[PDB]
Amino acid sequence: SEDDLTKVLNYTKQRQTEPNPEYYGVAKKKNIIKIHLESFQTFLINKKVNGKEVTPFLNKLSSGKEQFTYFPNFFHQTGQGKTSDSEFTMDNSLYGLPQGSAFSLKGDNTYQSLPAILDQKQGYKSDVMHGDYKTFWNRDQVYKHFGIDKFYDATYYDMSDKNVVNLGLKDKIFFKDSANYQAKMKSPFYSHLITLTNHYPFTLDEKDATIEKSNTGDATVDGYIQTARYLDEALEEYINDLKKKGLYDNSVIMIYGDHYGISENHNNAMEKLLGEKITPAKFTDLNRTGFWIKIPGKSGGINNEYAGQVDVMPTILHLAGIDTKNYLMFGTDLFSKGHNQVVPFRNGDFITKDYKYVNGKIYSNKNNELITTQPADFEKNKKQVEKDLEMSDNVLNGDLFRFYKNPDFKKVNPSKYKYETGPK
(Lines of atoms letter the chains of each structure in order from A and count residues from 1; the text may use other names and numbers.)
(Lines give C-alpha, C1' and ligand atoms only; values in the text may rest on other atoms or scores of the structure.)
Protein backbone atom coordinates (compact mmCIF):
# COMPACT_ATOMS: atom_id res chain seq x y z
CA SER A 1 0.00 0.00 0.00
CA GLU A 2 2.92 2.41 0.66
CA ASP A 3 4.02 1.57 -2.89
CA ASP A 4 0.56 2.56 -4.14
CA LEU A 5 0.98 5.95 -2.41
CA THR A 6 4.42 6.31 -3.97
CA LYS A 7 2.99 5.75 -7.47
CA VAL A 8 0.45 8.55 -6.99
CA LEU A 9 2.94 10.98 -5.44
CA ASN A 10 5.39 10.42 -8.29
CA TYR A 11 2.58 10.91 -10.82
CA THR A 12 1.70 14.35 -9.36
CA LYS A 13 5.23 15.77 -9.69
CA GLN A 14 5.55 16.67 -13.38
CA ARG A 15 2.72 19.23 -13.33
CA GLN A 16 4.08 21.20 -10.38
CA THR A 17 4.50 24.89 -11.13
CA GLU A 18 6.35 27.79 -9.55
CA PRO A 19 4.38 30.66 -7.99
CA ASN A 20 4.04 33.89 -9.94
CA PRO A 21 6.37 36.33 -8.12
CA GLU A 22 3.64 39.00 -8.56
CA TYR A 23 1.37 36.86 -6.33
CA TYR A 24 3.67 34.73 -4.18
CA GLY A 25 3.03 35.27 -0.47
CA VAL A 26 1.08 38.51 -1.03
CA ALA A 27 -1.76 37.21 1.19
CA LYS A 28 0.42 35.70 3.94
CA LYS A 29 -1.60 35.47 7.20
CA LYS A 30 -4.54 37.52 5.82
CA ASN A 31 -8.11 36.36 6.47
CA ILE A 32 -9.54 34.23 3.67
CA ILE A 33 -13.28 34.24 3.00
CA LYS A 34 -14.69 31.61 0.66
CA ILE A 35 -18.26 32.08 -0.64
CA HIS A 36 -20.14 29.11 -2.11
CA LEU A 37 -22.90 29.83 -4.62
CA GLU A 38 -25.29 26.87 -4.66
CA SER A 39 -26.04 25.56 -8.21
CA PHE A 40 -24.67 28.72 -9.83
CA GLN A 41 -23.91 28.68 -13.58
CA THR A 42 -22.26 31.64 -15.30
CA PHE A 43 -24.80 31.66 -18.15
CA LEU A 44 -26.61 33.91 -15.62
CA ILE A 45 -23.88 36.55 -15.84
CA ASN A 46 -25.21 39.50 -17.85
CA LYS A 47 -28.45 37.60 -18.55
CA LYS A 48 -31.68 39.62 -18.53
CA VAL A 49 -35.18 38.19 -18.11
CA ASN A 50 -38.21 40.42 -18.85
CA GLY A 51 -35.70 43.31 -19.12
CA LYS A 52 -34.25 42.77 -15.63
CA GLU A 53 -30.66 41.68 -14.85
CA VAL A 54 -30.97 38.37 -12.99
CA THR A 55 -27.67 38.83 -11.11
CA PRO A 56 -26.75 42.56 -11.16
CA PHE A 57 -24.14 42.43 -8.37
CA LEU A 58 -22.26 39.45 -9.77
CA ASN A 59 -22.49 41.20 -13.15
CA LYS A 60 -20.53 44.11 -11.66
CA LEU A 61 -17.95 41.73 -10.13
CA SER A 62 -17.63 39.92 -13.48
CA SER A 63 -16.69 43.20 -15.24
CA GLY A 64 -13.25 43.05 -13.60
CA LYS A 65 -13.67 46.67 -12.43
CA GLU A 66 -14.76 45.82 -8.85
CA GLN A 67 -11.52 44.50 -7.26
CA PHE A 68 -12.27 40.86 -8.19
CA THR A 69 -10.54 38.82 -10.86
CA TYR A 70 -13.21 36.86 -12.73
CA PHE A 71 -12.46 33.57 -14.53
CA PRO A 72 -15.19 33.09 -17.22
CA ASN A 73 -13.81 29.68 -18.26
CA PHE A 74 -13.86 28.01 -14.84
CA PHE A 75 -15.54 24.62 -14.31
CA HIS A 76 -16.76 22.49 -11.45
CA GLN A 77 -15.59 18.85 -11.68
CA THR A 78 -18.26 17.20 -9.52
CA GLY A 79 -20.27 13.99 -9.67
CA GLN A 80 -23.02 12.43 -7.54
CA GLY A 81 -21.83 14.10 -4.33
CA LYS A 82 -22.95 17.54 -5.62
CA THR A 83 -22.04 20.19 -2.97
CA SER A 84 -19.98 17.64 -1.02
CA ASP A 85 -17.90 16.84 -4.16
CA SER A 86 -17.19 20.53 -4.74
CA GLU A 87 -16.17 20.94 -1.07
CA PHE A 88 -13.97 17.85 -1.29
CA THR A 89 -12.14 19.18 -4.35
CA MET A 90 -11.91 22.78 -3.15
CA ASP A 91 -10.14 21.77 0.08
CA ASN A 92 -8.02 18.85 -1.24
CA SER A 93 -7.28 19.21 -4.97
CA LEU A 94 -8.59 15.64 -5.35
CA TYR A 95 -11.61 14.44 -7.40
CA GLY A 96 -14.71 12.97 -5.80
CA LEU A 97 -15.66 9.38 -6.67
CA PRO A 98 -17.13 8.27 -10.02
CA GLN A 99 -20.25 7.05 -8.22
CA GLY A 100 -21.61 8.00 -4.82
CA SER A 101 -20.26 10.63 -2.40
CA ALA A 102 -16.66 10.79 -1.18
CA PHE A 103 -17.93 12.66 1.92
CA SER A 104 -20.40 9.86 2.72
CA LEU A 105 -18.17 6.92 1.81
CA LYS A 106 -14.61 8.11 2.68
CA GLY A 107 -15.34 10.40 5.63
CA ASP A 108 -12.84 8.70 7.92
CA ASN A 109 -10.02 8.51 5.44
CA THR A 110 -6.77 10.31 6.25
CA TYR A 111 -6.42 13.70 4.52
CA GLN A 112 -3.83 16.48 4.16
CA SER A 113 -6.37 19.22 3.57
CA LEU A 114 -6.03 22.94 2.88
CA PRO A 115 -7.50 24.14 6.23
CA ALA A 116 -5.05 21.83 8.11
CA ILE A 117 -2.09 23.13 6.09
CA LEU A 118 -3.07 26.77 6.73
CA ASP A 119 -3.37 25.99 10.47
CA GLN A 120 -0.02 24.19 10.66
CA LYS A 121 2.01 26.62 8.56
CA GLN A 122 0.45 29.98 9.49
CA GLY A 123 -1.86 29.54 12.52
CA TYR A 124 -5.17 29.90 10.63
CA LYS A 125 -8.32 28.88 12.41
CA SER A 126 -10.84 27.47 9.94
CA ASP A 127 -14.62 27.46 9.91
CA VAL A 128 -17.58 26.41 7.79
CA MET A 129 -20.96 28.11 8.21
CA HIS A 130 -24.11 26.60 6.72
CA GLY A 131 -27.86 26.76 7.34
CA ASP A 132 -28.46 22.99 7.44
CA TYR A 133 -27.70 20.44 10.15
CA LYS A 134 -24.14 19.13 10.53
CA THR A 135 -24.55 15.43 9.67
CA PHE A 136 -26.01 16.12 6.25
CA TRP A 137 -23.45 14.89 3.67
CA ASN A 138 -21.51 13.48 6.67
CA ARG A 139 -19.89 16.91 7.14
CA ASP A 140 -19.56 16.44 10.92
CA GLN A 141 -17.24 13.45 10.41
CA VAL A 142 -15.45 14.68 7.27
CA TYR A 143 -14.56 18.13 8.63
CA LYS A 144 -12.72 16.59 11.61
CA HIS A 145 -10.53 14.67 9.14
CA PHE A 146 -9.95 17.87 7.13
CA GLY A 147 -8.94 19.70 10.32
CA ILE A 148 -11.75 22.30 10.27
CA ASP A 149 -11.88 24.03 13.70
CA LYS A 150 -15.51 25.22 13.83
CA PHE A 151 -18.74 24.33 12.06
CA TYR A 152 -21.58 26.78 12.52
CA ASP A 153 -24.46 24.61 11.30
CA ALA A 154 -28.24 25.23 11.49
CA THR A 155 -28.11 25.22 15.31
CA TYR A 156 -26.35 28.63 15.04
CA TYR A 157 -29.27 30.26 13.20
CA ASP A 158 -32.97 30.78 13.88
CA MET A 159 -34.64 28.03 11.88
CA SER A 160 -38.24 29.18 12.43
CA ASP A 161 -40.67 28.93 9.50
CA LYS A 162 -40.34 32.59 8.52
CA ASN A 163 -36.56 32.12 8.03
CA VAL A 164 -36.54 28.91 6.00
CA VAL A 165 -37.37 27.77 2.49
CA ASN A 166 -36.79 24.47 0.70
CA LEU A 167 -33.79 22.76 2.40
CA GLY A 168 -33.32 25.22 5.27
CA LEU A 169 -32.13 28.69 6.20
CA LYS A 170 -32.78 31.50 3.69
CA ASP A 171 -29.56 32.98 2.22
CA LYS A 172 -30.26 36.60 3.26
CA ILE A 173 -30.55 35.84 6.97
CA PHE A 174 -27.69 33.33 6.60
CA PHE A 175 -25.25 35.92 5.20
CA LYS A 176 -26.36 38.57 7.71
CA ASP A 177 -25.87 36.29 10.73
CA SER A 178 -22.66 34.80 9.29
CA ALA A 179 -21.02 38.21 8.84
CA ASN A 180 -21.84 38.89 12.50
CA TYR A 181 -20.18 35.60 13.52
CA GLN A 182 -17.11 36.36 11.35
CA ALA A 183 -16.68 39.80 12.94
CA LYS A 184 -16.24 38.04 16.33
CA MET A 185 -13.45 35.70 15.12
CA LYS A 186 -9.72 35.95 15.82
CA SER A 187 -7.44 36.57 12.85
CA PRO A 188 -6.10 34.87 10.73
CA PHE A 189 -9.14 32.81 9.79
CA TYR A 190 -10.20 30.75 6.78
CA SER A 191 -14.00 30.92 6.58
CA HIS A 192 -16.27 29.02 4.15
CA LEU A 193 -19.91 30.11 3.81
CA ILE A 194 -22.06 27.49 2.09
CA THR A 195 -25.38 28.85 0.73
CA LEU A 196 -28.67 26.93 0.29
CA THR A 197 -31.59 28.82 -1.28
CA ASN A 198 -30.56 28.49 -4.95
CA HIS A 199 -31.18 24.72 -4.80
CA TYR A 200 -33.52 22.45 -6.80
CA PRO A 201 -36.54 22.73 -7.22
CA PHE A 202 -35.66 26.47 -6.98
CA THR A 203 -38.68 27.58 -4.96
CA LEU A 204 -38.91 31.03 -3.39
CA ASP A 205 -41.83 32.61 -1.57
CA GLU A 206 -43.45 35.33 -3.68
CA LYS A 207 -42.92 37.79 -0.80
CA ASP A 208 -39.14 37.21 -1.11
CA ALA A 209 -38.87 37.37 -4.93
CA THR A 210 -37.78 40.63 -6.62
CA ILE A 211 -37.84 39.35 -10.22
CA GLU A 212 -40.57 37.52 -12.11
CA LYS A 213 -39.95 34.00 -13.38
CA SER A 214 -38.99 33.37 -16.98
CA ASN A 215 -41.82 31.96 -19.13
CA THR A 216 -40.35 28.78 -20.64
CA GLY A 217 -42.99 26.56 -18.98
CA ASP A 218 -40.30 24.48 -17.25
CA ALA A 219 -40.82 25.06 -13.50
CA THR A 220 -37.16 24.33 -12.75
CA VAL A 221 -35.69 26.85 -15.19
CA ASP A 222 -38.38 29.45 -14.47
CA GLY A 223 -37.88 29.19 -10.66
CA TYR A 224 -34.06 29.28 -10.98
CA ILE A 225 -34.33 32.88 -12.24
CA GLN A 226 -35.91 33.92 -8.92
CA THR A 227 -33.62 32.01 -6.55
CA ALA A 228 -30.51 33.15 -8.50
CA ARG A 229 -31.60 36.78 -8.18
CA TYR A 230 -32.26 36.22 -4.46
CA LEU A 231 -28.76 34.78 -4.00
CA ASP A 232 -27.23 37.71 -5.91
CA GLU A 233 -28.99 40.16 -3.57
CA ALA A 234 -27.94 38.16 -0.48
CA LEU A 235 -24.32 38.29 -1.66
CA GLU A 236 -24.49 42.02 -2.44
CA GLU A 237 -25.71 42.74 1.09
CA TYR A 238 -23.06 40.41 2.57
CA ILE A 239 -20.24 42.37 0.86
CA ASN A 240 -21.75 45.62 2.27
CA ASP A 241 -21.69 44.06 5.73
CA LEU A 242 -18.05 43.05 5.30
CA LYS A 243 -17.17 46.66 4.42
CA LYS A 244 -19.02 47.94 7.51
CA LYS A 245 -17.22 45.40 9.69
CA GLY A 246 -13.71 46.08 8.33
CA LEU A 247 -13.48 42.57 6.84
CA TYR A 248 -13.40 43.51 3.14
CA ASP A 249 -10.23 45.36 2.14
CA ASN A 250 -7.63 43.12 3.78
CA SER A 251 -9.29 39.73 3.16
CA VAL A 252 -8.75 37.35 0.30
CA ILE A 253 -12.32 36.79 -0.88
CA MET A 254 -13.20 34.00 -3.30
CA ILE A 255 -16.60 33.24 -4.78
CA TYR A 256 -17.53 30.13 -6.77
CA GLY A 257 -20.48 28.13 -8.08
CA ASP A 258 -20.40 24.59 -6.76
CA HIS A 259 -21.84 22.74 -9.78
CA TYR A 260 -24.49 23.09 -12.48
CA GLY A 261 -28.10 23.75 -11.36
CA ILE A 262 -29.87 22.93 -14.63
CA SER A 263 -29.36 19.43 -16.08
CA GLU A 264 -29.88 18.24 -19.67
CA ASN A 265 -33.42 17.24 -18.64
CA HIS A 266 -34.26 20.92 -19.22
CA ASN A 267 -32.82 21.27 -22.74
CA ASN A 268 -36.15 22.33 -24.27
CA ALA A 269 -36.55 25.28 -21.85
CA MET A 270 -32.87 26.19 -21.85
CA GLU A 271 -33.02 26.55 -25.66
CA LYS A 272 -35.92 28.98 -25.18
CA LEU A 273 -34.07 30.88 -22.41
CA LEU A 274 -30.68 31.08 -24.12
CA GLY A 275 -31.83 31.17 -27.78
CA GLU A 276 -29.66 28.28 -28.93
CA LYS A 277 -30.11 24.49 -29.19
CA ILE A 278 -28.49 22.74 -26.20
CA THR A 279 -26.27 20.23 -27.97
CA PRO A 280 -23.90 18.04 -25.89
CA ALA A 281 -21.08 20.50 -26.70
CA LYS A 282 -23.24 23.47 -25.64
CA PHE A 283 -24.20 21.72 -22.38
CA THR A 284 -20.51 21.21 -21.65
CA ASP A 285 -19.99 24.96 -22.14
CA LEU A 286 -22.85 25.60 -19.69
CA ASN A 287 -20.91 23.73 -16.98
CA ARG A 288 -19.00 26.96 -16.37
CA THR A 289 -19.72 27.73 -12.71
CA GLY A 290 -17.33 30.68 -12.16
CA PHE A 291 -14.50 31.81 -9.90
CA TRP A 292 -14.03 35.34 -8.60
CA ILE A 293 -11.12 36.28 -6.35
CA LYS A 294 -10.22 39.54 -4.61
CA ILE A 295 -6.63 39.77 -3.35
CA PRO A 296 -5.57 42.70 -1.14
CA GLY A 297 -3.19 45.12 -2.89
CA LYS A 298 -4.06 43.62 -6.31
CA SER A 299 -6.39 45.04 -8.95
CA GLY A 300 -9.27 43.02 -10.35
CA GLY A 301 -9.74 42.00 -13.96
CA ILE A 302 -10.77 39.18 -16.26
CA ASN A 303 -8.57 36.10 -16.61
CA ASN A 304 -9.53 33.75 -19.46
CA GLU A 305 -7.50 30.75 -18.26
CA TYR A 306 -9.44 27.47 -18.63
CA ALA A 307 -9.42 25.93 -15.16
CA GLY A 308 -11.26 23.75 -12.67
CA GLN A 309 -11.95 23.54 -8.96
CA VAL A 310 -8.89 21.28 -8.48
CA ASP A 311 -6.80 24.43 -9.14
CA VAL A 312 -8.08 26.46 -6.17
CA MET A 313 -6.07 24.79 -3.36
CA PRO A 314 -2.61 25.34 -4.96
CA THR A 315 -3.66 28.90 -5.81
CA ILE A 316 -4.52 29.71 -2.19
CA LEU A 317 -1.38 28.06 -0.83
CA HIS A 318 0.85 30.10 -3.17
CA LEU A 319 -1.00 33.32 -2.26
CA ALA A 320 -0.21 32.56 1.40
CA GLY A 321 3.46 31.99 0.50
CA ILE A 322 3.48 28.25 1.28
CA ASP A 323 5.78 25.80 -0.60
CA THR A 324 3.58 23.04 -2.07
CA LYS A 325 6.19 20.63 -3.50
CA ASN A 326 5.29 17.93 -0.94
CA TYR A 327 1.49 18.12 -1.28
CA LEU A 328 -0.33 15.49 -3.31
CA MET A 329 -2.49 17.69 -5.55
CA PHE A 330 -3.97 17.29 -9.04
CA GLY A 331 -4.48 21.01 -9.69
CA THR A 332 -2.03 23.81 -10.38
CA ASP A 333 -1.83 27.48 -9.32
CA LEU A 334 -4.20 29.66 -11.42
CA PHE A 335 -1.79 32.61 -11.46
CA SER A 336 1.32 30.58 -12.31
CA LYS A 337 2.62 30.90 -15.85
CA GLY A 338 2.79 27.09 -16.06
CA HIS A 339 -0.82 26.50 -14.96
CA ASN A 340 -1.95 23.28 -16.62
CA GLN A 341 -4.77 24.41 -18.89
CA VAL A 342 -6.57 21.06 -19.06
CA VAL A 343 -9.82 20.49 -17.10
CA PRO A 344 -10.81 16.83 -16.48
CA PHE A 345 -14.51 16.18 -15.84
CA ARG A 346 -15.69 13.33 -13.61
CA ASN A 347 -17.26 11.40 -16.54
CA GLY A 348 -13.97 11.41 -18.55
CA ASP A 349 -15.01 14.33 -20.76
CA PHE A 350 -12.60 17.29 -20.63
CA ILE A 351 -11.92 20.77 -21.93
CA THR A 352 -8.83 22.74 -22.97
CA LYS A 353 -8.36 26.28 -24.31
CA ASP A 354 -8.91 25.16 -27.92
CA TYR A 355 -11.29 22.20 -27.81
CA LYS A 356 -13.60 20.02 -25.73
CA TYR A 357 -13.95 16.24 -25.62
CA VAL A 358 -17.56 15.21 -25.07
CA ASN A 359 -18.98 11.67 -25.17
CA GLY A 360 -16.11 10.46 -27.38
CA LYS A 361 -16.20 13.36 -29.86
CA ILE A 362 -13.91 16.41 -30.24
CA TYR A 363 -15.37 19.90 -30.75
CA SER A 364 -13.61 23.21 -31.36
CA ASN A 365 -14.41 25.78 -28.64
CA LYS A 366 -14.79 28.59 -31.25
CA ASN A 367 -18.06 27.30 -32.69
CA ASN A 368 -18.64 23.91 -31.08
CA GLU A 369 -18.19 22.36 -34.52
CA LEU A 370 -16.97 18.77 -34.75
CA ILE A 371 -13.22 18.31 -35.21
CA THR A 372 -12.36 15.30 -37.43
CA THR A 373 -8.55 15.71 -37.43
CA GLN A 374 -7.18 14.89 -33.95
CA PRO A 375 -5.42 17.88 -32.34
CA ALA A 376 -1.65 17.33 -31.85
CA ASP A 377 -1.96 17.15 -28.06
CA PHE A 378 -5.19 15.13 -27.88
CA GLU A 379 -3.80 11.70 -26.97
CA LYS A 380 -1.53 13.33 -24.36
CA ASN A 381 -4.42 15.28 -22.81
CA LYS A 382 -6.90 12.36 -22.98
CA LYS A 383 -4.32 10.18 -21.20
CA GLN A 384 -3.75 12.84 -18.50
CA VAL A 385 -7.51 13.10 -17.89
CA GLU A 386 -8.03 9.32 -17.58
CA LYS A 387 -4.98 8.87 -15.36
CA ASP A 388 -5.84 11.88 -13.15
CA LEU A 389 -9.24 10.38 -12.38
CA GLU A 390 -7.75 6.91 -11.75
CA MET A 391 -4.89 8.15 -9.56
CA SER A 392 -7.22 10.34 -7.49
CA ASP A 393 -9.63 7.40 -7.02
CA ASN A 394 -6.62 5.30 -5.90
CA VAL A 395 -5.95 7.79 -3.08
CA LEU A 396 -9.56 7.57 -1.86
CA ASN A 397 -10.09 3.83 -2.37
CA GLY A 398 -6.74 2.85 -0.82
CA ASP A 399 -6.90 5.57 1.88
CA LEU A 400 -3.33 6.25 0.75
CA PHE A 401 -2.47 9.23 2.99
CA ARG A 402 -2.18 6.69 5.84
CA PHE A 403 1.23 5.79 4.36
CA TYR A 404 2.52 9.31 3.72
CA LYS A 405 5.10 10.62 6.16
CA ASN A 406 4.99 14.13 4.75
CA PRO A 407 7.84 16.47 5.87
CA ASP A 408 5.42 19.41 5.46
CA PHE A 409 2.37 17.89 7.17
CA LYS A 410 1.62 16.76 10.71
CA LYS A 411 -0.97 13.96 10.75
CA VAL A 412 -4.40 15.25 11.85
CA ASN A 413 -5.93 13.75 15.00
CA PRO A 414 -9.66 13.90 14.13
CA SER A 415 -10.67 13.29 17.74
CA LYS A 416 -9.23 16.74 18.61
CA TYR A 417 -12.14 18.32 16.71
CA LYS A 418 -15.69 18.70 17.96
CA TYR A 419 -18.53 20.92 16.81
CA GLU A 420 -20.74 22.00 19.66
CA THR A 421 -24.46 22.66 19.32
CA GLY A 422 -25.10 26.36 18.73
CA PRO A 423 -27.11 28.85 20.84
CA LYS A 424 -30.15 28.74 18.56
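From 1 onward, residues are counted along the sequence shown.
Comparing 351-359 with 389-397, the higher mean C-alpha B-factor in the PDB entry belongs to 351-359. With 136-144 and 298-306 compared on mean CA B-factor from the PDB entry, the stretch scoring higher is 298-306. When the C-alpha B-factors of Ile32, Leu37, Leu58, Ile371 are ranked from the entry, the top spot goes to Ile371. The residue among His266, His192, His259, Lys244 whose C-alpha atom has the highest B-factor in the PDB entry is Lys244.
In the deposited entry, the Cα temperature factor of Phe378 places it in the highest third of its chain's modelled residues.
Annotation for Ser214: C-alpha temperature factor in the highest third relative to the rest of the modelled chain, per the entry. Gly107: CA B factor in the highest third of modelled residues in this chain (values from the PDB entry). In the deposited entry, the Cα temperature factor of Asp158 sits in the top third of values across the chain's modelled residues. Among all modelled residues in its chain, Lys172 ranks in the middle third by Cα B-factor.
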